[PDB]
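See below for the structure under consideration.
Note that these values count all heavy atoms, side chains included, but never hydrogens, waters or copies made by symmetry. Heads up: numbering here begins at 1 and tracks the sequence.
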Amino acid sequence: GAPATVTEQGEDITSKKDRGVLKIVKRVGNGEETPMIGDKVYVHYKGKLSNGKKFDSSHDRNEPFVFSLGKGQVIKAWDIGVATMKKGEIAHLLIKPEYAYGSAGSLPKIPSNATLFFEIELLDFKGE
Ligand SMILES: COc1cc([C@@H](C(=O)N2CCCC[C@H]2C(=O)OCc2scnc2C)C2CCCCC2)cc(OC)c1OC
């Protein structure tokens with residue numbers, strides 16, 4: 001399955017090189033430009049616990065997810081990962097709990113020490 005493929009073949013886009021954030025590009029985007037900190041970002045995503053019952057998606061509510069990149073308004077893995085993406089890129093991220101919700105987790109949806117997997121499509125990014 002997809003998490004497996006990322007474990008085995010995904011690249012470590014973390015600074016510390018601690019395999020906390022692994023990424024495969026599943027569909028290439030357009031241009032060479034990727035978003036700066038503070039840029040307004042527009043994405044679709046599907047997320048799940050790497051092995052678990054909780055599953056979440058923006059496609060479901062058919063509204064794009066919008067956040068300000070690099071400000072810690074999302075889990076750290078997203079600030080790291082989305083910054084490496086180009087407009088129109090779809091990527092797969094596998095994320096250790098240190099770059100996600102840690103030991104404390106976040107009920108109802110996230111257990112303790114949870115590894116997360118996301119498919120993310122980067123739709124657009126605009127200047128602050
Ligand atoms: C921590 O609680 C939540 C977490 C998420 C998802 C999640 O982890 N997300 C949502 C998309 C951005 C990445 C990450 C996150 O930072 O979510 C919390 C934030 S930060 C601003 N808005 C949200 C929902 C998880 C749900 C279970 C499968 C794995 C992804 C969505 C959630 O509902 C939208 C949510 O509670 C509101």
Side-chain angles (χ1 to χ4, degrees), residues 1-29 31 33-50 52 55-59 64-75 77-125 127-128:
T5 311
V6 165
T7 295
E8 311 177 15
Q9 299 289 14
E11 76 175 34
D12 184 355
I13 67 182
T14 63
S15 313
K16 292 158 197 169
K17 287 285 168 289
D18 62 7
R19 297 178 51 72
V21 188
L22 309 171
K23 181 198 180 182
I24 307 173
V25 175
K26 274 283 168 36
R27 186 228 271 153
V28 149
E33 192 169 63
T34 73
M36 294 310 171
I37 295 179
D39 281 355
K40 193 144 180 277
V41 168
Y42 296 94
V43 298
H44 274 302
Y45 73 103
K46 297 170 182 196
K48 61 170 185 208
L49 321 188
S50 44
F55 196 101
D56 167 55
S57 174
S58 72
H59 304 103
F65 186 78
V66 181
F67 76 98
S68 263
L69 183 67
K71 308 267 86 166
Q73 293 183 4
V74 296
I75 63 191
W78 267 49
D79 279 340
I80 291 158
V82 168
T84 73
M85 301 181 63
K86 318 190 209 196
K87 193 183 181 199
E89 188 178 310
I90 302 164
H92 279 187
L93 291 183
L94 185 59
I95 297 158
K96 291 186 176 188
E98 296 84 47
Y99 294 79
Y101 295 85
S103 45
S106 184
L107 291 174
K109 284 184 157 258
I110 319 291
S112 181
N113 298 317
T115 284
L116 310 183
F117 173 93
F118 288 92
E119 169 177 295
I120 297 165
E121 183 177 10
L122 177 56
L123 302 177
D124 207 13
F125 55 93
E128 68 193 323

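- At a threshold of 4.5 Å between non-hydrogen side-chain atoms, the residues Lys86 and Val28 do not count as touching.
- The distance from the CZ atom of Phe117 to the CG atom of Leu49 is 12.5 Å, given to the nearest 0.5 Å.
- Nearest heavy-atom pair across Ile13 and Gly81 is CD1-CA, 3.6 Å.
- What you find for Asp56 and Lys109 is that their closest heavy atoms are CB-NZ, 3.8 Å.
- For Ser112, the side chain to side chain contact (heavy atoms under 4.5 Å, CB included) partners at least two apart in sequence or on another chain are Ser103.
- In this structure, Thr84 and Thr34 have side chains that are not in contact, with every pair of non-hydrogen atoms separated by 4.5 Å or more.
- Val82 is not listed as a side-chain neighbour of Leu93, based on a closest heavy-atom distance of 4.5 Å or more.
- Using a distance-only test at 3.5 Å, with no hydrogens or angles considered, a donor-acceptor pair links the side chain of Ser50 to the main chain of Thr115.
- Judged as a side chain to side chain contact (heavy atoms under 4.5 Å, CB included), and not counting sequence neighbours, the contacts of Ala83 are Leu69.
- For the pair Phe118/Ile75, a side-chain contact is recorded, criterion being any heavy-atom separation below 4.5 Å from C-beta on.
- Across all non-hydrogen atoms, the minimal contact from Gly38 to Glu128 is O-CB, 3.2 Å.
- Note on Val74: it does not cluster hydrophobically with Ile90, by side-chain heavy-atom contacts below 4.5 Å among ILVMFWY residues.
- Taking CZ of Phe67 as the start and CZ of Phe125 as the end, the distance is 11.5 Å to the nearest 0.5 Å.
- Contact between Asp79 and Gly70 at its shortest, heavy atoms only, is OD1-N, 2.8 Å.
- Rounding to the nearest 0.5 Å places CG of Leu22 at 11.5 Å from CD of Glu8.
- Residues passing the salt bridge (charged side-chain N to carboxylate O under 4.0 Å, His left out) test with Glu121, sequence neighbours excluded: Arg27.
- One finds the CD1 atom of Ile110 at 5.0 Å from the CG atom of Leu116 (value rounded to the nearest 0.5 Å).
- Sorted by first and then second residue, the salt bridge (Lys or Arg N to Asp or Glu O under 4.0 Å) pairs with a member in residues 16-25 read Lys23-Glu89; sequence neighbours excluded.
- A pairwise comparison of heavy atoms in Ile120 and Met85 identifies O-CE, 3.4 Å as the closest pair.
- Summarising the geometry of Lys40 relative to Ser68, their closest heavy-atom pair is CA-OG, 4.4 Å, with the distance given to 0.1 Å.
- Expressed to the nearest 0.5 Å, how far CG of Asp39 lies from NZ of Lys71 amounts to 10.0 Å.
- Remark: the backbone N or O of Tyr45 is paired with a side-chain donor or acceptor of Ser58 at under 3.5 angstrom.
- Atoms CG and OH, on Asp124 and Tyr42 in that order, are 7.0 Å from each other to the nearest 0.5 Å.
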